[PDB]
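Observations on the model geometry
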Amino acid sequence: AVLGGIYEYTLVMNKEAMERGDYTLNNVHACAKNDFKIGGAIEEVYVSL
Amino acid sequence: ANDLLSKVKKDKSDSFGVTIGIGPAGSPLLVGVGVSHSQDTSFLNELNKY
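**Digging into the overall build of chain A**
- For chain A, the count of helices and strands is zero helices and two strands.
- Projected onto its principal axes, the C-alpha positions of chain A cover 140 × 5 × 5 Å.

Pasting the structure below:
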């Protein structure tokens, strides 16, 4: 028989990572314009609107 | 660790006006018409979670 003994050691490591990203944008512009003018003159009646 | 965020804003604007002028002459006459309108809308919403 041999007299040696036992000496041991161990180590374990772990790591995890995660990232999430979400972005959105919406922009709508609406513009409407009109111009209407009428003219009437006779001689006697005058019409305008 | 978790993070949640949401911030939204809404804006709306509208305006219109009508003007009418009618007058017969020949006995001069005058008629005036004025119309005005304006509309504004604003919305704000913000959410945050951790």
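**Quick notes on the pattern of salt bridges**
Residues and elements named next belong to chain B.
- Taken as a whole, this structure holds one salt bridge over all chains when the rule is applied.
- Between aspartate 11 and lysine 9 there is a salt bridge, with the nearest N and O atoms lying 3.9 Å from each other. When sorted by exposure, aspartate 11 lands in the same class as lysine 9, which is exposed.

**Let's talk about the interface of chain B and chain A**
- Each partner contributes to the interface: chain B provides seven residues, whereas chain A provides five residues.
- When chain B packs against chain A, the two sides together hide about 470 Å² of surface, and 52% of this comes from carbon and sulfur.
- It is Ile22(B), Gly23(B) and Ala25(B) in chain B that bury the most area against chain A; as a group they hold 55% of the surface buried on that side.
- Summed over the shared surface of chain B and chain A, the result is zero residue pairs in polar contact.
- Across the side of chain B that touches chain A, the residue classes break down as four nonpolar, three polar and no charged.

**Observations concerning a nonpolar patch on the surface**
- A cluster of nonpolar residues, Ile38(A), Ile42(A), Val45(A), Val47(A), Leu49(A), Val18(B), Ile22(B), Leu29(B), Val31(B), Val33(B) and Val35(B), forms a patch on the protein surface that exposes about 870 Å² of accessible area.
- Every element with two or more residues in the nonpolar patch is listed here: β2 (45–48) of chain A together with β3 (31–34) of chain B.
- Secondary-structure assignment places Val45(A) in strand β2.
- A relative accessible area of 46% places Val45(A) in the partly exposed class.

What counts, and where the lines are drawn
Here the numbering of residues is sequential along each chain, from 1 in written sequence order, and it may depart from the entry's numbering. Residues without coordinates do not appear. Going through the entries in the order they are written, you letter the chains from A and number the ligands from 1. All values in this description refer to the chains shown, which are themselves only part of a larger assembly. With hydrogens and water set aside, each side-chain value is computed from the structure's full complement of heavy atoms. Residues with missing side-chain atoms are left out of burial classes, side-chain pairs and their counts. For helices the rule is a DSSP run of H or I covering at least 4 residues; for strands it is a run of E covering at least 2, with both sets numbered from the N terminus onward. Throughout this description, the term salt bridge denotes a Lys or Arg side-chain nitrogen within 4 Å of a carboxyl oxygen of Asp or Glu. A simple rule labels every residue: compare its accessible area, found with a 1.4 Å probe on the protein chains alone, to the largest value its type can have, and call it buried under 20%, exposed over 50%, or partly exposed in between. Whether two residues are in contact is decided by their heavy atoms, any of which lying within 4.5 Å being enough. Here the buried area means the combined drop in accessible surface, using a 1.4 Å probe, for two parts upon being joined, counting both sides. Each polar contact in these results corresponds to two N or O atoms within 3.5 Å; when the atoms are within protein, one needs to be able to donate a hydrogen and the other to accept it, and residues that are neighboring in sequence are counted only if both atoms are side-chain atoms. Think of it as three bins: nonpolar holds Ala, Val, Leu, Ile, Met, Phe, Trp, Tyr, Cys and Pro, charged holds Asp, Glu, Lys and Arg, and polar takes everything else, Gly as well. Patch construction takes residues with relative accessible area above 30% that form no salt bridge. Like charges are linked within 9 Å, and nonpolar side chains (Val, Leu, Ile, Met, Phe, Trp, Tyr) are linked within 5 Å. Here the Shrake-Rupley method, with its probe set to 1.4 Å, supplies the accessible areas, and only the displayed protein chains count as covering residues.

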